[PDB]
Amino acid sequence: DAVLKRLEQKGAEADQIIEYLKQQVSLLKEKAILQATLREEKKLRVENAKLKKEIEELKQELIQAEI
Amino acid sequence: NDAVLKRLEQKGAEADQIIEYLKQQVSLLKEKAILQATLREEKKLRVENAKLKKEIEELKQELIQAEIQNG
Amino acid sequence: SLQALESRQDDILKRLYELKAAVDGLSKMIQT
């Protein structure tokens with residue numbers, strides 16, 4: 001009796017600890033995504049610049065073939 | 001009592017280990033995030049304080065020019 | 001009762017290992 005009453009008391013607060021710890025990990029994971037998503041948007045913005053620059057370079061290079 | 005009470009301790013103790021392990025790993029991961037934040041808070045303060053100093057010298061340099069031309 | 005405690009503790013352990021999988025997974029992909 002005295003063992004199972006405490007064996008369920010800690011097993012009840014352990015469900016609260018799992019929910020608490022699961023909150024922290026969710027918080028930390030989202031921060032990880034935010035850090036990743038930001039640098040990816042930056043690279044994609046640089047890439048998007050190079051691509052439009054190269055598209056127009058190829059456009060003029062197509063006119064020398066027209067000669 | 002029974003041998004079930006035995007492995008209800010083996011399971012209740014096993015959980016206590018993982019809880020401890022998890023608190024230690026979440027606390028480390030919190031410190032990473034604090035470090036990354038404080039490091040960014042440096043460079044903003046480094047950069048800003050460099051601008052404040054550049055303005056102090058330029059305020060000081062014109063306080064000399066105003067003192068000479070008025071004297 | 002005692003049949004429900006061990007099933008409860010079984011879930012706690014299953015959830016504790018899922019947390020560990022997530023926590024350890026994070027510790028890998030954000031390193032150096």
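Residues numbered from 1 in each chain as written, not as in the entry; some residues may be left out. Chains lettered and ligands numbered in written order. Heavy atoms only, no water. Residues with missing side-chain atoms left out of burial classes, pairs and counts.

Asks: Help me understand the overall build of chain B, please; the structure alone is not making it clear to me.
Replies: For chain B, the count of helices and strands is 1 helix and 0 strands. Relative to its length of 71 residues, chain B is extended, with a C-alpha radius of gyration of 31 Å against a globular reference of 11 Å. Seen through its principal axes, chain B has C-alpha atoms that stretch 100 × 15 × 5 Å. (Helix = DSSP H or I, 4+ residues; strand = E, 2+ residues; numbered from the N terminus. Rg over C-alpha atoms; globule rule 2.2 N^0.38 Å.)

Asks: Mind showing me how you'd approach a negative patch on the surface here?
Replies: Residue and element names in this part refer to chain B. Among the surface-exposed residues, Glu55, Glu57, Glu58 and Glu62 lie close enough to one another that they form a single negatively charged patch. Structurally, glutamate 55 can be placed in helix α1 (residues 3-69). According to the relative accessible area criterion, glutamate 55 is partly exposed, its value standing at 42%. (Patch = residues over 30% accessible without salt bridge, like charges linked within 9 Å, V, L, I, M, F, W, Y side chains within 5 Å. Areas by Shrake-Rupley, 256 points an atom, 1.4 Å probe, with all protein chains shown as cover. Salt bridge = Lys/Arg side-chain N within 4 Å of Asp/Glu carboxyl O. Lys, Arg positive; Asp, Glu negative; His and termini not counted. Charge placed at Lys NZ, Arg CZ, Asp CG, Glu CD. Buried < 20%, exposed > 50% of the residue type's maximum accessible area, 1.4 Å probe, protein only.)

Asks: Please clarify how the interface of chain C and chain A should be interpreted in this entry.
Replies: Where interface size is given, it is often the accessible area lost as the parts come together that is meant. The interface of chain C with chain A comprises 11 residues on the first partner and 14 residues on the second. Between chain C and chain A the total buried area reaches about 1100 Å² when both faces are included, carbon and sulfur atoms providing 75% of it. Taken as a group, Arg15(C), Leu19(C) and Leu26(C) account for 43% of the area that chain C buries against chain A, more than any other trio of residues on that side. The interface formed by chain C and chain A includes 1 salt bridge. Note that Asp15(A) and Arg15(C) form a salt bridge whose closest N and O atoms lie 2.9 Å from each other. Run the count over chain C and chain A and you get 2 residue pairs in polar contact. Residues that form the side of chain C that touches chain A fall into these classes: 8 nonpolar, 1 polar and 2 charged. (Contact = heavy atoms within 4.5 Å. Buried area = accessible area lost by both parts, 1.4 Å probe. Polar contact = N/O pair within 3.5 Å; in protein donor to acceptor, adjacent residues only side chain to side chain. Nonpolar A, V, L, I, M, F, W, Y, C, P; charged D, E, K, R; others polar.)

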